[PDB]
Structures are given as C-alpha cells and as structure tokens.
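What follows is a single structure, written as structure tokens, with notes after it.
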Amino acid sequence: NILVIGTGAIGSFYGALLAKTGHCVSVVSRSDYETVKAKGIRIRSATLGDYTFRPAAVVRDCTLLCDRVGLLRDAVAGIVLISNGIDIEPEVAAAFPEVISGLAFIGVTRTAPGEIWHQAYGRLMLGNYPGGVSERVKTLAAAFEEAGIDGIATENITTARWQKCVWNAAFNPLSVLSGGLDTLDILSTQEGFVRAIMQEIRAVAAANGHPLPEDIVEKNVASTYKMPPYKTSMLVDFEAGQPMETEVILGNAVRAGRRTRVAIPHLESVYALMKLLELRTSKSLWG
Amino acid sequence: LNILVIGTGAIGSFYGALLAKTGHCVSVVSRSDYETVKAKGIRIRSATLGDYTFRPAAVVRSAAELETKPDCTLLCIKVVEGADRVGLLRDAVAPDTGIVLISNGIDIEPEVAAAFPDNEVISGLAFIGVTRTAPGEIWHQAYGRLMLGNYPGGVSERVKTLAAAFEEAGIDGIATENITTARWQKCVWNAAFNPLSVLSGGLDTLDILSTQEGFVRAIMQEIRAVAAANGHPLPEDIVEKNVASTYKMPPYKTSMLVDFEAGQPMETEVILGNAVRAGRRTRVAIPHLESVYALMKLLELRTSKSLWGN
C-alpha cells in the first residue's frame, strides 16, 4: 500500500512499477489532478515495455516523495525520498523522527501531463538514512526487482549519493551553462575542468565522513567517454522551462564544503553561475 | 602629425576624426566602404560633442598607395582569431612610424611589438560606447576617454602630442607612463562582468554584483594577484573601488554581451584567456578565472554548431 506525492517523471515511474507487480498505489496530485483522476499516467518504454498507471485513488504504509515537510503534513503514522541530489534527508528526518533514501539512476522525462518517456538505465538504490537496511527496505527493493529494474538495498546510501554527485555536479551544470552541450563535447574539450570539479566533490565527501573509492574520478571520466553522447536531466529541465535541481545537487555540495572548510572554488564558481542563469531565467514579463 | 587609420570601424573613425578636428592630417585605408568614404567622408553623430563630418585628407584602398608615410598608424580592430593585425600593418609602417593599437584586452601588444621591434608601439585603452550604423556612419553614444602610453612603458613626445589633441577635441586624453598596469586595472572589471553577463544569459551589472558579490570579488582578487605577479601591481583599493562604483553605476550591458547578442565574435581570448595564461605562467592560483574561462570556451563551442546538425 503506497502513497505517491505528486505526478512528476520520477514519482510516476517508480509508482507505476509498484502498481504493475500488484501493490495498492495512490497519488496526491496538484497540477495534474484533473487529468490523472481520469486518464491516469502512461509510461512508455522500449527497454522495458509500455504500461498505463491508473491509481487506487487521487486526493488533494509507504509514502514516496520524489514544501516537502508540508506535503507529508498528513501522511505518516515509512517515508521514501527519491532524489537525485545530496543531503536531501536531514530536513525531513528531523520533523518525523523510518526514512528510506532512494537514489535513482535513470534517463526518464515527462513529455506531457500523464506522459512519461523512459530512455535508459532504471536502477533504484535504497537504504535508510544515515545508513542501514531494514526489512521494509529489503521488501521495497525486492518489489522493484520484481517489476524489472535493479532494486538494490544498500547500507550506505549516503556514500552512494556522494558517488553519483561526482558525476552530477560536473556534467549537469556544464551542460546548461554551455547552452546545451552533450557530455562528450564537455569532457573531450575541458577534461581538466571536469576533473577539478570531480576532485572537489571527492574531497568534500571524505570531509563529511563519506569517502569515495580511490580512483572514482578516473572511473567516471573513462565511463563517460564510453557512454553515447548524452543529454543531462538538468538540460532537459532547462529546455522544458522547468525548475532545475541546482540546489539539491550543487548548492547542497557547496554548503557541505563550506561546513568542512574544504577549498571548493570550482564548485563555488559553477554554483554562482547557475544562480545567475536562474535569476535571468526567472525574470517576469511584468518587469 | 600625419595619421593613417586602418579601416572604417567605429573606434578608428571616432578617434581619427578627433585628430582631424584638431588640425592633424588624417588619412584612411578603406576596403568595403571606399567609394562612399572617399566621396562623402564619415559622418559622426554625437549628442555630447556635436555631429561631425570627417573628410579624410586621403582615402585609399591600400596603404601601398600613399605618398607621405604616417607618423602614426592607428589600428583599432577587435583582437580575435583571424584579425591578422601584423598583415594589416605590413605596408602601413615606416621606420619612424608609431603603431597605435587601440583595443580591449591584456597582453595585446607583444605580437605586434615582436613583428616590428624597431617601431614605437603606442597602446590605447578606450572607454567608449560607439557603433558603426552604416557605411560612413558612426554614432557616439557614451563615454570617450582614451588612455595612451608606450608599450612596455613610458610616454614619448608623440604619445603626449596625441593625448593633448584628444583633450583639445573634448574627451579625456590621458598619457600614462604605465599603460600595462592601466590594462590590468581595467581587466579587474571586465574579466569579471563581461563573461558573467554572457554565461548568465544576459544579466546587467547590477543583478550580477548584487546577487553574487562574493564571486565577483573572488575573480577580481585573482586578477589583482596575477597583475602583481606579472610585475604590474595594482592599488590596494582596486577591488573595493570597482565594487562601490559599480553599485552606483546605472544597470549596464557589457560589450561582450552586446557581441554575444549580435552573434559577433567575443573578446574571450584577449580579455580572459590572456589573463588565465598570465596567471599560469606565474603560478598564481586562479581557480575562479579557470572556471569562467572553461565555461566560456564550452559556450563558444555550442554557439559554433550548425542549424543542420552533424
């Protein structure tokens, strides 16, 4: 029995997977309330398959959040937070002292209301924050595995998040600030800068008690040169006119560096420039 | 003085015309606009100075065609890839000719100085809003101040003749013994605001500075450190002065952003790249400048893609 909050690509994609196997999944929706209470959500995928998600109910055991505190303000008697960023858990934990942290690896995009496009990957890593794996976590993971994707229960979700942040913190903002370059163009022409950012992330992770594998920077460089030219999720958001994950990726990494006094000038630079681009993008037609 | 202006660009035409007004004999090499400039001259519109019709002493297709060779040759093009300043000067410089380079950027002199080691190089730092609106049509919109000095340093009689002329013409003409330190002092401002104006998708100076003052300061402090390490230390107050002055200036659109919006080549390399390279040569830690520079180059790469795809 599963409560999803909101109807974005991530919440809808993982909600619909749990709906497939045969769990009782509802959605709390705002922007798309009218369209989902009727037509539902259509998940389209060539690696998995086509499926349609019609929830058990639509109102205004496990709650998937994917105004955070307030969105769960009447939903908790396991909380599952699926996020691409870092340090997304403390705020929520403090208010509801089980938190299941979810780190998704997936190229999935919401093309229209009720319309999701799965392209690549799909893995969901899950574990308790700050660490640990409970039975619920294992049961959730098995549930996702059943539905077809990697559903990995991990005892060190926070280190895993830092490890993904090595890649995210470099390519996501560079793809936007460059005006839309793919990963291959970014890495092949400014490998040095990409490395400098990655090493900063590595040093902040360690300073926060979550050291990463020793050759993590070289691994991410080598693996990216083998990925086919790629469009980041930040760039998709930017091209869609939607809010970007700047704060939970890069802002949270910067604040983590400041707290531990790690020199992070490359991260500070990219962050400031993202904030400036956002300010420009934010300007009202009203002036 | 016998003055030769290379081309019919806005900066050359503006400062050339001032020299003509003040009794100097000013000639022009014109490619594109030859017939109209030779027949009708260059019309300079200016609210602050009064409109002026600049009729060159001579207008030629090629410097080769001149009779009296110039005392000063004024070259004012943007220093970007393929500008080929040495090629443009090849026939326009005699033993005694002073080469006057008026352009933005740092370290713009050595390529020319090297190619003409026995000629005086007079470096110019203009603070001006001027545009070429049509063949033979220039519009002066703002500022005008020109600082001039010998490269690598000093002030020759020819430099002081030029400066006084500009001053007589109604703009600040400032002779400076340390033009290179002056260039570094301008770089403190333009290496921060010019690329931040473009990378932000077109913010004005006040939005940049009010919302990211810490980052702007960080950049400026790097530039100040690189200048010192290159033997051109700046005043202790230069960062504070630049921040205060900018807070008091009306919101402003940088020349880099003007270029970006126009689809014209930007001065990335002479403003930012040359500062980065000067910092690298001297082992100054410049992570903010390196970051901004790498992002500029990535943006430039994107900007160069075809509508047709690969």
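We name chains A, B, ... by the order of the sequence lines, and we start the count at 1 in each one.
Chosen from B/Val292, B/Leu301, B/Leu196, the residue pairing most often with chain A at heavy-atom distances under 4.5 Å is B/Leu301.
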Under 3.5 Å, what donor-acceptor pairs does chain B form with chain A?
residue	atom	partner	partner atom	Å
B/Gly201	O	A/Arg280	NE	3.3
B/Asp207	OD2	A/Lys283	NZ	2.6
B/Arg302	NE	A/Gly179	O	3.1
B/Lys305	NZ	A/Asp185	OD2	2.7

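Counting heavy atoms from C-beta on, the side chains of A/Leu277 and B/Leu199 never come closer than 4.5 Å.
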